[PDB]
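Engineer: Let me begin by handing over the structure; questions about it come next.
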Ligand SMILES: O=C(O)C[C@H](c1ccc2c(c1)OCO2)c1ccc2ccc(OCC(=O)N[C@H]3C=CCCC3)cc2c1
Ligand SMILES: [Cl-]
Ligand SMILES: [Cl-]
């Protein structure tokens, strides 16, 4: 369990960013690591086999906006990024989840297209293949995996921001709606802790949110927990040693540098550190410290 860091890749502040930085909860330190080859915001991060993957996003620059179909892998042992096979389609504001060593890329946008499509990456073959599409088009979708089922939560379908959510059952290659959230949320942070799917923050179409709700997969209910200290949309999120960490985002005024940590035992959020600069739209995941 020891020696794992929270990695934050990419993001947005004025333009899309190439930063890869890693935070050590055990000593409070931050490390700046190898930049992404292409700056991206609206990407997702995940880890398989100790390698960190950056999936999708968009490169916003003064010279334009390019939605990304890229999959790039970072090896902490070498501090190097390598390109992997690209997805079938660019996906900005994507959601990803990992089941049994396979990466699922969910939704996202390509220009004015809002995807319902979903595709699955096999690291051992370096190949993507499409799977069944969601029942709803969703960008800014939160994705998490619990008990080898994949959940897609909230987002924006091109017309309305969503409180709906759905679950993918891999052995039937089928999506089914689940109970909708109590709040409309696009760009929320979605993760799994214990037997629940948490949805933190986001934008309800009117304001950035500090509220947080969790879906108990057994009872099929959404319940609010303690709100974050800060309203945040387009936040990064991950879980580490039994606590949720939320990183950055936009509060309606500032791009936040604050990182908050949720303790489910006390139902409290605490501010634990600050990123090196404020940003939104980052990809976040946990793996071993680099060499
Ligand atoms: O609901 C919508 O229509 C789209 C929705 C959104 C959310 C909150 C908003 C909002 C728009 O408008 C002001 O608050 C969204 C959802 C997830 C994202 C993930 C990543 C991402 O990456 C780039 C990025 O961070 N851009 C930011 C620039 C300035 C502030 C907004 C975002 C942008 C995302 C945007
Ligand atoms: Cl964007
Ligand atoms: Cl992961």
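Numbers here mean position along the shown chain, with the first residue as 1.
Using N, Cα and C of the backbone, Cβ positions are placed for all residues, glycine too.
Pulled these features from Swiss-Prot for this protein:
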- 112: S-cGMP-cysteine (MOD_RES)
- 291: S-(2-succinyl)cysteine (MOD_RES)
- 5-50: repeat 'Kelch 1' (REPEAT)
- 51-101: repeat 'Kelch 2' (REPEAT)
- 102-148: repeat 'Kelch 3' (REPEAT)
- 149-195: repeat 'Kelch 4' (REPEAT)
- 197-242: repeat 'Kelch 5' (REPEAT)
- 243-289: repeat 'Kelch 6' (REPEAT)
- 112: site 'Sensor for electrophilic agents' (SITE)
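Please go over these features one by one and say how buried each is and what sits next to it.
Structural biologist: Secondary structure at residue 112 (S-cGMP-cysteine), as computed by DSSP, is coil. Less than 8 angstroms from the CB of residue 112 (S-cGMP-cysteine) sit 158, each of them six or more residues away in the same chain.
The C-beta environment of residue 291 (S-(2-succinyl)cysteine), restricted to residues of the same chain at least 6 apart in sequence and closer than 8 Å, consists of 76, 77, 78, 79.
Residues in the repeat 'Kelch 1' (5-50) partition by DSSP class (helix H, G, I; strand E, B; coil) as 0 helix, 22 strand, 24 coil.
In the repeat 'Kelch 2' (51-101), helix, strand and coil residues by DSSP number 0 helix, 28 strand, 23 coil.
Secondary structure by DSSP for the repeat 'Kelch 4' (149-195): 3 helix, 23 strand, 21 coil.
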Engineer: So which of 149-195, 197-242, 243-289 has the most C-beta pairs under 8 Å when paired with the repeat 'Kelch 1' (5-50)?
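Structural biologist: Comparing 149-195, 197-242, 243-289 against the repeat 'Kelch 1' (5-50), the winner is 243-289.
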Engineer: In the repeat 'Kelch 5' (197-242), how many residues does DSSP put in helix, strand and coil?
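Structural biologist: Counts, helix then strand then coil: 0 helix, 22 strand, 24 coil.
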